[PDB]
Participant: 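The structure is given below, and queries will be raised subsequently.
All chains are named by letter (A, B, ...) in the order of the sequence lines, taking the proteins before the strands, and each is independently numbered beginning at 1.
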Amino acid sequence: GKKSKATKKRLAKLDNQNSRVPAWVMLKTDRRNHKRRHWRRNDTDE
Amino acid sequence: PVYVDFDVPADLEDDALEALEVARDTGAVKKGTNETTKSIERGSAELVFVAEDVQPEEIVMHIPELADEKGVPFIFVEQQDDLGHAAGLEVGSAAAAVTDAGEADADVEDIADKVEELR
Amino acid sequence: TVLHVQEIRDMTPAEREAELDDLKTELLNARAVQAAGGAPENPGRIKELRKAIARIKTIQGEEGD
Amino acid sequence: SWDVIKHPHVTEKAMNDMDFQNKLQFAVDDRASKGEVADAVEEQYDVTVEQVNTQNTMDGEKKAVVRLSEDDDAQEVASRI
Amino acid sequence: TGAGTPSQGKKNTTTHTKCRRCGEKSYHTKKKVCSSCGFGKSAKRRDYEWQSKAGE
Amino acid sequence: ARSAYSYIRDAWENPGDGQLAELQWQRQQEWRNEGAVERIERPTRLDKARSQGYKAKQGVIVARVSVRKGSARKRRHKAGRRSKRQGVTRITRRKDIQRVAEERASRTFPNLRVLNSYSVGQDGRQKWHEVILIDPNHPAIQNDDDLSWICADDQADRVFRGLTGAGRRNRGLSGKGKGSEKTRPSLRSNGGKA
RNA sequence: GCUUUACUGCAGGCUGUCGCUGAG
RNA sequence: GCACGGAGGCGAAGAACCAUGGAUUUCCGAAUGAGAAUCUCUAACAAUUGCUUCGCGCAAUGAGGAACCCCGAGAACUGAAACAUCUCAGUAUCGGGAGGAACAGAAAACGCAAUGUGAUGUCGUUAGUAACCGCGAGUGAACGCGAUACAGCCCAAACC
Ligand SMILES: [Cl-]
Ligand SMILES: [Cl-]
Ligand SMILES: [K+]
Ligand SMILES: [Mg+2]
Ligand SMILES: [Mg+2]
Ligand SMILES: [Mg+2]
Ligand SMILES: [Mg+2]
Ligand SMILES: [Mg+2]
Ligand SMILES: [Mg+2]
Ligand SMILES: [Mg+2]
Ligand SMILES: [Mg+2]
Ligand SMILES: [Mg+2]
Ligand SMILES: [Mg+2]
Ligand code: NA
Ligand code: NA
Ligand code: NA
Ligand code: NA
Ligand code: NA
Ligand code: NA
Ligand code: NA
Ligand code: NA
Ligand code: NA
Ligand code: NA
Ligand code: NA
Ligand code: NA
């Protein structure tokens, strides 16, 4: 497919939201990313 | 048009307006259809002018027949703004009544005659 | 911090602009040092640089430039 | 108002371009054209920009590969920052 | 041809997409109309009383 | 003595006789060639207009609207219906043509508000009404002690809420006693039974 | 759901009449 | 900040924090220069209107809102132990629109008929009364009264 500049921005954001809760955040909160999205098992919008 | 049953020659209309102008300065004139209607009804009208470019025509339809059953003479003018200017207004006028002419009672009286003859 | 509001108002319209472009540069170089994984950082400033820039722009607006 | 240049894009590949092709790499505002990038870059580092290549990245930012003239030395321009 | 699984293979057509006005993946790119907010059809926002129980 | 206006009124008591009859026969020819809403410089029935609030002043507007004659232009049922609800031909709208006319005019002038309206006749297939609209934002009106009331916010879209003279009569609010049990204060608060 | 000379109605078609609509 | 890490920083130049007012406030969005799945293309109140210096010069409308409110369109399941009028119900749902509340409102009223009452909402009652109805099932007011709150005016025309 041919993605537009805006679609590309959205996909970029989704990839970024796909990172893990940083280690230090665990220590800072004395103790999960519920928005984890696999490319195969999940489906993005549009 | 529907209330106009005879055509007034250009020259006659000029004499009429002219007379009207000397009437506002020397005698008395009523400007406006409501004030004119009352002249004819009160009998104080000597010569009434009625424009022919009045829209709606309803505003002046009654002048003719009313003038007839009151003896009052009437003359048609083509331009509404000419009658108003002649009467001394900055705006136009659908009808005017020379309420007792002035230094024109002669030309006036004759204009009434020319029209009566114009049938 | 190192740059107070009084000091910004005691500047001439031209000094704020000169000071403004100066802070932007410090900022840009801090980001470059950061982009290069450079550790000689001091987090408190790259944050102060932003606020200082905001103050100056706020004052330039209040004064009419 | 947004600024043209955001920061130098420094990665292994950017180094090779700098050391072997006299090019500098930046993260610029995605609303910036090659021309705006060329100008902004010259005015900030006092150099002569010969060519600019751009790319809208999968990071959501724009990347510009700016080649400098033989008169300028990328290696040096980048070392002062 | 089976109307089930075998007919699922030809589905590579893009219709509903992220809507510019409401953010939902309901902007039908073929019709240029959002099935969720009405964008492209109505200046007013799409909404109906049957979207909730009658007395609520 | 009789006002000049009284003559316009008297002529319109019988639009099918005298000079008026001929004017109409002439006018309608041009009207039938005009659009749905035509702004006119002067009211066809000056007496009626002034009587309803018209003033030769800035911000006062008049427009003639034509609307088809007859019952509801209704589509037949496309699902189950008991005999009582299967009609099409004899069903008529509860809003009179004059009111339809007022709304079509107001929509044409989104910034103006309807003051009142009156009939100017009809031919075999349509009726004409002239609507008087007012510019609530013009200072010549905001300073008129007789019309400024129409400038208040609660008067916005008055025609669409039945606050018009034709609206109120058509709502059954004419009578103050017997017969208005289901109309006053509103049709809706009375459960929609008038 | 379907049918018809089942019951009752509703579109639609035909036809008279009134309005548009006037002169001899 | 939630958020208790690491590093670093700010605060007696009175920070944090709270109140009020101000600044900033990307893009799409009624979305308004034009086009577009939030981007793009070469000055913009697009569109409809009022005024008009007839020039977008001065203005209006658009869309939102928990429900309430006003004006239009308007079912069926159901009840009648079937069903057609009736009933469910002017309900559900749909179209248009206002406000902080709407709407109504100073009698061509009432009609305890009077030597009487005196704008309008609403609450209590009048009363399941009068009235409607395959006179079946069902449906269903008002005047008055006791309260709440109270407020009365402007045009058109005559004559100028
Ligand atoms: Cl209105
Ligand atoms: Cl009483
Ligand atoms: K039924
Ligand atoms: Mg990655
Ligand atoms: Mg490219
Ligand atoms: Mg199938
Ligand atoms: Mg109420
Ligand atoms: Mg646009
Ligand atoms: Mg039953
Ligand atoms: Mg029975
Ligand atoms: Mg009922
Ligand atoms: Mg009663
Ligand atoms: Mg007065
Ligand atoms: Na996938
Ligand atoms: Na970056
Ligand atoms: Na309007
Ligand atoms: Na009724
Ligand atoms: Na069946
Ligand atoms: Na803000
Ligand atoms: Na505007
Ligand atoms: Na203009
Ligand atoms: Na039953
Ligand atoms: Na049954
Ligand atoms: Na019945
Ligand atoms: Na009593």
Side-chain angles (χ1 to χ4, degrees), chain A residues 4-7 9-10 23-30 46, chain C residues 1 4-6 41-45 47-48 54 57-58 61-62, chain D residues 2, chain E residues 16-23 25 27-29 32 34 39 43-45 48-50 54, chain F residues 1-3 5-6 25 39 47 50-54 58-59 61 69 72 76-77 79-89 93-95 99 103 107-112 122-125 133-140 145-146 149 153-163 167 171 173 175-178 181-182 184-189 191-193:
Chain A
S4 62
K5 186 182 193 166
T7 282
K9 293 174 69 180
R10 285 181 224 117
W24 62 267
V25 176
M26 302 297 256
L27 299 173
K28 183 171 190 168
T29 63
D30 294 308
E46 299 156 56
Chain C
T1 165
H4 301 72
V5 176
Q6 295 184 304
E41 309 163 292
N42 292 303
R45 264 197 187 179
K47 172 186 176 186
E48 284 308 309
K57 288 184 170 296
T58 303
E62 312 193 319
Chain D
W2 56 271
Chain E
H16 298 281
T17 64
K18 186 102 168 179
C19 174
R20 209 203 301 165
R21 182 209 258 176
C22 76
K25 175 186 148 310
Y27 188 65
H28 192 116
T29 198
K32 300 310 177 187
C34 180
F39 184 55
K44 292 183 173 66
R45 283 286 190 119
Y48 299 94
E49 292 299 315
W50 48 258
Chain F
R2 288 187 57 182
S3 70
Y5 303 118
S6 76
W25 182 86
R39 175 167 172 185
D47 70 303
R50 291 183 65 78
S51 190
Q52 298 188 331
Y54 171 88
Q58 306 179 80
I61 286 75
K69 292 169 63 185
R76 184 165 176 291
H77 62 280
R81 240 46 146 213
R82 58 196 187 87
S83 77
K84 227 291 191 190
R85 307 309 192 182
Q86 289 189 42
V88 171
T89 299
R93 326 253 68 149
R94 304 185 178 186
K95 195 185 294 178
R99 213 127 88 74
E103 279 184 34
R107 285 194 177 90
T108 291
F109 308 88
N111 65 307
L112 310 184
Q122 61 182 51
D123 56 19
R125 59 173 170 177
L133 301 90
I134 303 301
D135 184 343
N137 300 294
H138 199 291
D145 289 302
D146 299 329
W149 60 265
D153 299 333
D154 57 22
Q155 288 295 335
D157 297 307
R158 38 177 6 247
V159 76
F160 302 105
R161 299 182 283 127
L163 314 189
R171 284 203 281 157
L173 293 164
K176 282 191 136 202
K178 194 204 306 170
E181 301 78 5
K182 319 261 186 305
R184 184 168 305 95
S186 75
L187 290 167
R188 191 178 176 269
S189 68
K193 304 177 185 178

Participant: Taking atom P of H/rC10 as reference, at what distance in whole Å does atom CZ of C/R45 sit?
Facilitator: 9 Å

Participant: Distance check, rounded to the nearest 0.5 Å: C/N42 atom CG versus C/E48 atom CD?
Facilitator: 12.0 Å

Participant: Looking at residues at least two apart in the chain, or sitting in another chain, which of them share a salt bridge (charged side-chain N to carboxylate O under 4.0 Å, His left out) with F/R107?
Facilitator: F/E103

Participant: Nearest-Å distance, CD1 (F/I61) to P (H/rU49)?
Facilitator: 12 Å

Participant: Using a heavy-atom cut-off of 4.0 Å across all strands, would you classify F/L133 as base, sugar-phosphate, or nothing?
Facilitator: nothing

Participant: So, is H/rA12 syn or anti if syn means the angle is within 90° of 0?
Facilitator: syn

Participant: Can a side chain N or O of F/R76 be found less than 4.0 Å away from OP1 or OP2 on G/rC10?
Facilitator: no

Participant: In whole angstrom, what separates F/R99's CZ from H/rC70's P?
Facilitator: 14 Å

Participant: Got a second to check how far F/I61's CD1 is from F/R39's CZ, nearest 0.5 Å?
Facilitator: 5.0 Å

Participant: Under 4.0 Å between any heavy atoms, over every strand shown, what does F/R171 touch: base, sugar-phosphate, or nothing? Just pick one.
Facilitator: sugar-phosphate

Participant: Pick the P atom in H/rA106 and in H/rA119, then give their distance to the nearest Å.
Facilitator: 11 Å

Participant: With a 4.0 Å cutoff (strictly under), does any side-chain N or O of F/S189 reach OP1 or OP2 of H/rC69?
Facilitator: no

Participant: Considering only H/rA158, H/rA92, H/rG72, which nucleotide approaches the side chain of E/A54 most closely?
Facilitator: H/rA92

Participant: Between H/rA104 and H/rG152, how many Å separate the two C1' atoms, rounded to a whole number?
Facilitator: 16 Å

Participant: Is the E/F39 ring parallel, tilted or perpendicular to the E/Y27 ring (thresholds 30°, 60°)?
Facilitator: tilted

Participant: Syn or anti: how is H/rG55 classified when any glycosidic angle within 90° of 0 counts as syn?
Facilitator: syn

Participant: Is C/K57 touching bases, backbone alone, or none of the nucleic acid, heavy atoms closer than 4.0 Å?
Facilitator: nothing

Participant: What stems involve RNA chain G, if each pair must be Watson-Crick or G-U and both of its distances must be under 3.5 Å, with 3 or more such pairs in a row?
Facilitator: none

Participant: Of the options G/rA11, G/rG19, H/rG72, whose atoms approach the side-chain atoms of F/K95 most closely?
Facilitator: H/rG72

Participant: Expressed in whole Å, how much space separates the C1' atoms belonging to H/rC154 and H/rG121?
Facilitator: 23 Å

Participant: Name the closest nucleotide to the E/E49 side chain, picking from H/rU93, H/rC71, H/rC28.
Facilitator: H/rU93

Participant: Could you state the NZ-P distance from F/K193 to H/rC88, rounded to the nearest angstrom?
Facilitator: 9 Å

Participant: Answer yes or no for this row: C/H4 ring on H/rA13 base, centroids under 5.5 Å, planes under 30°.
Facilitator: yes

Participant: Are more than 12 heavy atoms, taken from residues, nucleotides or ligands other than E/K32, located less than 6.0 Å from that residue's NZ atom?
Facilitator: yes

Participant: For the side chain of F/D146, counting heavy atoms from C-beta on, which of G/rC10, H/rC71, H/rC154 is nearest?
Facilitator: H/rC154

Participant: Quick one, F/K193 and F/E181 - any side-chain contact, counting heavy atoms below 4.5 Å?
Facilitator: no

Participant: Check whether the aromatic ring of F/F160 stacks on the base of H/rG96, taking stacking as ring centres less than 5.5 Å apart and planes within 30° of each other.
Facilitator: no

Participant: So do H/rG72 and H/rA73 actually stack on each other, going by six-membered ring centres closer than 5.5 Å and planes off by less than 30°?
Facilitator: yes

Participant: Where the side chain of F/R81 is defined as all heavy atoms beyond and including C-beta, which of H/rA76, H/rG22, H/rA3 is the nearest nucleotide?
Facilitator: H/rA76

Participant: Say we look at H/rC110 and H/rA142: how far apart would their P atoms be, to the nearest angstrom?
Facilitator: 15 Å

Participant: Atom CZ of F/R161 and atom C1' of H/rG96: how far apart are they, to the nearest Å?
Facilitator: 12 Å

Participant: Return the value, rounded to whole Å, for the distance between atom CG of F/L173 and atom P of H/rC70.
Facilitator: 12 Å

Participant: Of the listed nucleotides (H/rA141, H/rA13, H/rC71), which one gets closest to any side-chain atom of C/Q6?
Facilitator: H/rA13

Participant: Rounding to a whole Å, what distance do you find between F/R188:CZ and H/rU122:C1'?
Facilitator: 17 Å

Participant: With syn defined as a glycosidic angle within 90° of 0 and anti as everything else, classify H/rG97.
Facilitator: anti

Participant: Could you tell me whether the phosphate oxygens of H/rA37, OP1 or OP2, come under 4.0 Å of any side-chain nitrogen or oxygen in E/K32?
Facilitator: yes

Participant: What's the closest nucleotide to the side chain of E/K44 if the choices are H/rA63, H/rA156, H/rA141?
Facilitator: H/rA63

Participant: Given H/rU40, H/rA59, H/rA73, which nucleotide is nearest the side-chain atoms of F/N137?
Facilitator: H/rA59

Participant: Distance check, rounded to the nearest 0.5 Å: F/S3 atom OG versus F/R50 atom CZ?
Facilitator: 10.0 Å

Participant: Would you kindly give the CG-to-P distance between F/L112 and H/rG50, to the nearest whole Å?
Facilitator: 7 Å

Participant: North or south sugar at H/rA141, going by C1'-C2'-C3'-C4' (positive north, negative south)?
Facilitator: north

Participant: Base, sugar-phosphate alone, or nothing: which one does F/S83 contact when heavy atoms must sit under 4.0 Å apart?
Facilitator: sugar-phosphate

Participant: Please tell me which of the listed nucleotides, H/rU52, H/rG50, H/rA30, lies nearest to the side chain of E/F39?
Facilitator: H/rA30

Participant: Over all strands shown, is E/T17 touching base, sugar-phosphate only, or nothing at heavy-atom distances under 4.0 angstrom?
Facilitator: base

Participant: Would you mind classifying the nucleic acid contact of C/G44 as base, sugar-phosphate or nothing, using non-hydrogen atoms under 4.0 angstrom?
Facilitator: sugar-phosphate

Participant: Which residue lies toward the 5' end of RNA chain G, F/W25 or F/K84, if each is placed at its nearest nucleotide?
Facilitator: F/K84

Participant: Among H/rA3, H/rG140, H/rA76, find the nucleotide with the atom closest to the side chain of F/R85.
Facilitator: H/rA76

Participant: Which value, in whole Å, describes the distance between the P atoms of nucleotides H/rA80 and H/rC88?
Facilitator: 14 Å

